[PDB]
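Participant: Chains as they are written, first to last, in the numbering used here: chain A, -2 to 54; chain B, -2 to 54; chain C, 1359 to 1729; chain D, 1359 to 1729; chain E, 1359 to 1729.
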Ligand SMILES: Nc1ncnc2c1ncn2[C@@H]1O[C@H](COP(=O)(O)OP(=O)(O)O)[C@@H](O)[C@H]1O
Ligand SMILES: Nc1ncnc2c1ncn2[C@@H]1O[C@H](COP(=O)(O)OP(=O)(O)O)[C@@H](O)[C@H]1O
Ligand SMILES: Nc1ncnc2c1ncn2[C@@H]1O[C@H](COP(=O)(O)OP(=O)(O)O)[C@@H](O)[C@H]1O
Ligand SMILES: [Mg+2]
Ligand SMILES: [Mg+2]
Ligand SMILES: [Mg+2]
């Protein structure tokens, strides 16, 4: 009985680190796209600040 | 020996499932902040274009 | 010159030649004396059993630890331990073997002075050296930065190192260690009907702690689980029978490292002392210290301690920084491996305290430019 | 042959070869010494880190600037900086390459003499020359008249030039520069609860000053806006998390250039010194000088400094007068470009200070006709 | 009506009425909570002991200082301390008594704003005012010109005043103070074998520091004498026994004020910060500041500090300048004396921040011309 339980537990293990590495890759890609989104947002913000100063002057 | 292996596998299961849930709200937070960053970037771009037209005139 | 390397530690003595990746002799630092009278005539028992033989005769002797928390408290036992290590275990002549000794941070200077005096005047070693446990542990891990936590049986300390430069003002020392955990294990097993009072039962309780204890990722949830289900109960074989079943006491004992209020201590857990020691350092090196947390010592071998400490530090550290904890399988013997690596280096050959230099400079030579 | 155009500056050393379009090597001019002791043996750290290497070890080093306000105070550090520049950043042997050095106006003759002596003796350059940092900036702008304002990190000087003839009596030098702005930013960041005291944190505060600070068109109106609104607050991420938000302290730091009384200075603002130097000149060359205000130096890189300066000088100048301020994108590297252009000229080949001429005329030859 | 002068300080609250020669309420600013269970029933035990009462029960309480370095880091504890001071130590109703408070320079605005809000809302004082702790020390000394050093328990700073005019650009603030000295004494007492870790032992270490520590005129010479002779040894009697003997640690602890590198701090000693602040000022007022060096604060009562600092400054100052240090015996209470004197003036009566003014202008009125 213990051997059967251990085999089931180890199969569950292998599959759960399979989803673990898939989720690791997913976090990597979403974190990268977060970086590009933040950079483009701050660039747009500074660009509008500059053109607002130009408009008022 | 089999019982010890099963206990270790179950401990790893619990730890990685907790990490998986943490990852789930990480996805949620990343998605909402990505949406907000995209929205503010689009708004900044459109008001940038309006300010540019005002600058030209 | 096949220099000798020793690690007195606390509760275990491990020694061997330099250039090896494993100690050749590991045995408890225990000296015991008979307490009964003895009626058999002609066998001629010796007046003191030292080392591993005291464990074989554990049921007739009174075991005593010559060191309480790093500091030696019974010196004659220490000459006995060193003589045993040098002769009965390694079978070496210390007249031609330099000896490297490992010592804990933040200790009385008289301790190091007496160690050097004993080494030079009793065993007549040609040269010797005293080093810090954490630096050797970081040698053995193949790193150059990162805060290292060394929890043995006597004392737990954290030493932050960056690019080979120590940060002494951020070194923290806590006296909570394995012996306190064993005492709390007895104090918490006495509520089930099991009473261990004698120094021989110290060893049995220590074995139970080593074999059946683990650190839980959560405490309240684990307590709720154990209070309802019976899946956490395990049985142990005492050296004569009468199996004992331990329930929630298996994960309650190691919780003292994270909740030191259990034994009346005022300080905070290791997960908080490490974070405080990291925060005492400069702001430009906190990233490498966060990402290179190194574990060592026998006490850090509880199943699940690394995950719990990582979770706690991540809860403490800023959410925008990764936290990594390095827990190699050989945490217990890491310090000796680092010591052997250091002694095998050729640039270390000019850092020995020679016999002539010691004779010229007196016992106070330890704290001079030669460390 | 090829000539080298160097620019020691203050806090940023930029160098290269004559005829190039941009400097080849740009790195901070700092020297760092390990303030700790070092526990790991065998690594053998160097006793002095120079250049951008010292920026990577800000957490174990103390940073010292060999130049405080234009002048060189520590000469061994400057020699180390020059050796590093010639042998690592450029990897060129200077025994066969003339060098073109630069210095600020109104400096002690001892500094120039010792610079020439060091260049001729330690490195044995075949020839050398020293040029004013403002003439080169005027060269790089493709002009021949008009004042130029080289506001760097150490000194801020305003040199008027008309038709290639300099006016030495109208040169105005002011010591308020980027370093004072960084110190004032340190002082005013404590107002929000952030304390930056260590020399390593000086680099961090400089980074915030470079990234977030801007010059306000109207100080009082922006004060009213920031007090009521909250759209001026931006957050900066420290090297260890714990992001910090700075609001009103954003345009207060560069206001010191126009309001020197903020840091206890008595002198008038940059806009007023420019106007005073304009009226110091003749009356028949004021039109071209008004219409050719040239800006250069790293400090003049704040967003909106040109508009504020133009507004102030137009308020000072007569209403029937036209004012133009020239602010190219490459203000920071304008001096080096002008130096390269000057060294590339064919008529300049007869103005080098030869080694034989130096040996014949002593170190004082530099102040002679050979400038 | 009469005004109240409250000096929160950091770890020692002194308060009293305005127009007296000394405060009538001096007690530590500490709050204690019981960390044990409590088995006796009907005892009516309180959940928080504040003030000198907590000092009487240090063995059952954990002690927390609400102020780390000038800034209050716990506002509930500060409210408890103020309520205790107003209702038990002074036994006066704050509904008809103006209150004068003190704080260090370079203090975050939020601290001052919330202090004024707490004073006006909870206690409902009719008027209040906040003043710097250095101007008050100048008032107590009877002077009107001279740099004043106020080294308390949390923060050490220098404020130069000439003819009643302050120079804000020459103010230097340092966080090294008595608490850091106590921590360093704790660190170095483990060298001899004495360990003090609990907050209860903090008061014991503080008493040892107050009773035995002194500043040496020369550091190397006293180290040479102590390492050879034995006349510097002095014994202290612990609350129970096992008297301890202190050698060079007796004068090693206060050396941090002149050698901040002992605790890993980058900043320079007070003898050098004072010189830097003197040279930061003008050139025509340096003579008076040299000849009117004023000392205050509790930490400035080490035997021999007023001589070592004078020697250091004379070594730094030009040879043709006379250096004088004023160290009255009542250094600790100088700030309160100055505050009482200031509140006694009839001219000062118009500088009170009335309740109507606060209601009209919000908590931000404090930073206006009504300082
Ligand atoms: N597998 C294990 N699980 C739990 N605790 C352990 C384990 N192995 C050793 N220990 C504890 O570690 C201690 C040994 O510490 P040790 O590494 O010998 O310190 P030192 O090397 O300084 O003497 C023992 O007292 C024991 O309680
Ligand atoms: N974009 C920027 N905004 C504000 N300050 C800047 C910017 N870029 C550079 N600086 C400042 O200019 C200084 C560099 O000046 P630099 O031209 O190198 O002087 P020098 O020519 O004397 O070396 C730096 O200290 C930095 O603080
Ligand atoms: N005779 C003494 N020798 C050394 N230190 C002292 C002496 N008297 C007081 N101190 C230190 O001064 C501190 C009190 O400072 P204090 O004047 O209360 O500052 P503040 O009023 O700003 O809180 C105490 O913590 C104590 O350690
Ligand atoms: Mg150990
Ligand atoms: Mg420049
Ligand atoms: Mg004070």
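We put the CB at the ideal spot given by N, CA and C, even for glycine.
1. Hey, would you say the C-beta of residue 1698 of chain C is under 7 Å away from at least one heavy atom of ligand 1?
2. Measure from the C-beta of residue 1533 of chain D to each C-beta in chain A and report whether the shortest distance is under 8 Å.
3. Residues in its own chain within less than 8 Å of residue 1446 of chain C by CB, not counting five upstream and five downstream?
4. Counting only beta-carbon separations shorter than 8 Å, does residue 1415 of chain D have a partner in chain C?
5. Going by Cα to Cα distance, which pick from D/1388, D/1433, D/1430 is closest to residue 1414 of chain D?
6. To the nearest angstrom, how far is the alpha carbon of residue 1661 of chain D from that of residue 1501 of chain D?
7. Can you give me the C-alpha to C-alpha distance between residue 1464 of chain E and residue 1465 of chain D, rounded to a whole angstrom?
8. Who are the Cβ neighbours of residue 1378 of chain D in its own chain at under 7 Å, not counting the five residues just before and after it?
9. If you scan the region 1633 to 1710 of chain E from start to end, which runs of the alpha helix (DSSP H) of 4 or more residues do you find wholly inside it?
10. Thinking C-beta only, is residue 1509 of chain E closer than 8 Å to residue 1555 of chain D?
11. By the 8 Å beta-carbon criterion, what residues does the region 5 to 26 of chain B contribute toward chain C?
12. Which of the three DSSP states, helix, strand or coil, is assigned to residue 1611 of chain E?
13. Shorter than 7 Å, the distance from the beta carbon of residue 1508 of chain E to the closest heavy atom of ligand 6, or not?
14. Return yes when at least one heavy atom of ligand 4 lies under 7 Å from the C-beta of residue 1517 of chain C, else no.
15. For residue 1745 of chain C, tell me which candidate among C/1598, C/1373, C/1522 has the shortest Cα-Cα distance.
16. Counting pairs of beta carbons, one from the region 1484 to 1502 of chain C and one from the region 1360 to 1370 of chain D, are three or more of them closer than 8 Å?
17. Counting only the same chain and skipping the five closest in sequence on each side, list residues whose C-beta sits under 7 Å from that of residue 1438 of chain E.
18. CB of residue 1512 of chain C to nearest heavy atom of ligand 1: below 7 Å?
19. Got a sec, what are the start and stop residues for the beta strand (DSSP E) residue 1388 of chain E sits in?
20. Distance cutoff 8 Å, beta carbons only. Does residue 1449 of chain E sit that close to anything in chain C?
21. Rounded to the nearest angstrom, what separates residue 1570 of chain D and residue 1616 of chain D at their Cα positions?
22. Within 10 angstroms of the Cβ of residue 1393 of chain E, are there 16 or more other Cβ atoms? Answer buried if so, exposed if not.
23. Would you check if the distance between the CB atom of residue 34 of chain A and the CB atom of residue 3 of chain B is smaller than 8 Å?
24. Nearest chain A C-beta to residue 1662 of chain D closer than 8 Å, yes or no?
25. Do we get a CB-CB distance below 8 Å when we pair residue 1527 of chain C with the residues of chain E?
26. Apart from the five residues on each side of it in sequence, which residues of its chain come closer than 8 Å, Cβ to Cβ, to residue 1535 of chain C?
27. Is there at least one non-hydrogen atom of ligand 3 closer than 7 Å to the beta-carbon of residue 1495 of chain D?
28. Do the region 1631 to 1644 of chain C and the region 1584 to 1598 of chain D touch if we need at least three Cβ pairs shorter than 8 Å?
29. Exposed or buried, residue 1627 of chain C, counting other C-beta atoms within 10 Å across all chains shown (16 or more means buried)?
30. For residue 1625 of chain C, go through chain E and note every residue whose CB falls closer than 9 Å to its CB, in chain order.
31. Output, in sequence order along the chain, the residues in the region 1618 to 1644 of chain C whose CB is closer than 7 Å to any CB in chain E.
32. Give the residues of chain C in contact with residue 1396 of chain D, contact being defined as C-beta atoms less than 9 Å apart.
33. In chain order, what residues of the same chain have a beta carbon less than 7 Å from the beta carbon of residue 1396 of chain D, not counting five sequence neighbours either side?
34. On the criterion of 16 or more Cβ atoms from any shown chain inside 10 Å, does residue 40 of chain A qualify as buried, or is it exposed?
35. Measure from the alpha carbon of residue 1381 of chain C to the alpha carbon of each residue in C/1720, C/1690, C/1411, then state which is nearest.
36. Could you name the residues of the same chain whose beta carbon sits closer than 7 Å to that of residue 1454 of chain C, not counting the 5 residues immediately before and after it, in chain order?
Facilitator: This is what the structure gives:
1. Outside the cutoff, so no.
2. No - not a single Cβ of chain A is within 8 Å of the one on residue 1533 of chain D.
3. These residues qualify, in order along the chain: 1409.
4. Under the Cβ distance rule, residue 1415 of chain D counts among the residues neighbouring chain C, one pair being separated by less than 8 Å.
5. When only C-alpha atoms are compared, the closest one is D/1388.
6. One alpha carbon belongs to residue 1661 of chain D, the other to residue 1501 of chain D, and they sit about 24 Å apart.
7. Rounded to the nearest angstrom, the two C-alpha atoms are 36 Å apart.
8. Around residue 1378 of chain D, the same chain offers 1698 as residues with beta carbons nearer than 7 Å, after the five sequence neighbours per side are excluded.
9. Within the region 1633 to 1710 of chain E, the runs of alpha helix (DSSP H) at least 4 residues long that lie entirely inside it are, in chain order, 1644 to 1649, 1663 to 1674, 1692 to 1702.
10. No, Cβ-Cβ distance for residue 1555 of chain D and residue 1509 of chain E is not below 8 Å.
11. Within the region 5 to 26 of chain B, contact with chain C at the beta-carbon level (separation under 8 Å) is assigned to 5, 8, 11, 12, 15.
12. Assignment of residue 1611 of chain E by DSSP, reduced to helix, strand and coil, places it in the helix class.
13. Shortest gap from the CB of residue 1508 of chain E to any heavy atom of ligand 6: under 7 Å.
14. Between ligand 4 and residue 1517 of chain C, a heavy atom-to-CB distance of less than 7 Å is absent.
15. An answer regarding residue 1745 of chain C cannot be provided, because it is not within the stretch 1359 to 1729 covered by chain C.
16. Taking 8 Å as the limit for Cβ pairs, the verdict is that the region 1360 to 1370 of chain D does not touch the region 1484 to 1502 of chain C.
17. Excluding the 5 residues flanking it on each side, residue 1438 of chain E has same chain C-beta neighbours closer than 7 Å at 1389, 1406, 1408, in chain order.
18. Yes, ligand 1 has a heavy atom inside 7 Å of this Cβ.
19. From DSSP, residue 1388 of chain E is part of no beta strand (DSSP E); its letter is neither H nor E.
20. Chain C, which has no Cβ nearer than 8 Å to the Cβ of residue 1449 of chain E, makes this no.
21. When only Cα atoms are considered, residue 1570 of chain D and residue 1616 of chain D end up about 18 Å apart.
22. Answer is exposed; the Cβ neighbour count stays below 16.
23. With contacts defined as CB atoms closer than 8 Å, residue 34 of chain A and residue 3 of chain B fail to qualify as a contacting pair.
24. Against chain A, the CB of residue 1662 of chain D has a partner CB under 8 Å away; the residue lies at that interface.
25. Chain E places a beta carbon closer than 8 Å to that of residue 1527 of chain C, counting this residue as a contact.
26. Result list for residue 1535 of chain C: 1368, 1427, 1509, 1510, 1511, 1512, 1513, 1514, 1657, in chain order.
27. Checking every heavy atom of ligand 3 against the Cβ of residue 1495 of chain D, none is found closer than 7 Å.
28. Touching, per the Cβ criterion.
29. For residue 1627 of chain C, the number of other beta carbons within 10 angstroms of its own is at least 16, and it is reported as buried.
30. Near residue 1625 of chain C (Cβ distances below 9 Å), the residues of chain E are 1555, 1556.
31. For the region 1618 to 1644 of chain C, which is checked against every Cβ of chain E, the residues closer than 7 Å are 1624, 1625.
32. Per Cβ cutoff of 9 Å: 1521, 1522, 1523, 1524.
33. Closer than 7 Å at the Cβ level, and outside the excluded window around residue 1396 of chain D, lie 1403.
34. Around the beta carbon of residue 40 of chain A, a 10 Å sphere encloses fewer than 16 other beta carbons of the protein chains shown; the residue is thus reported as exposed.
35. Comparing Cα positions, the closest option is C/1690.
36. Answer for residue 1454 of chain C: 1484, listed in chain order.
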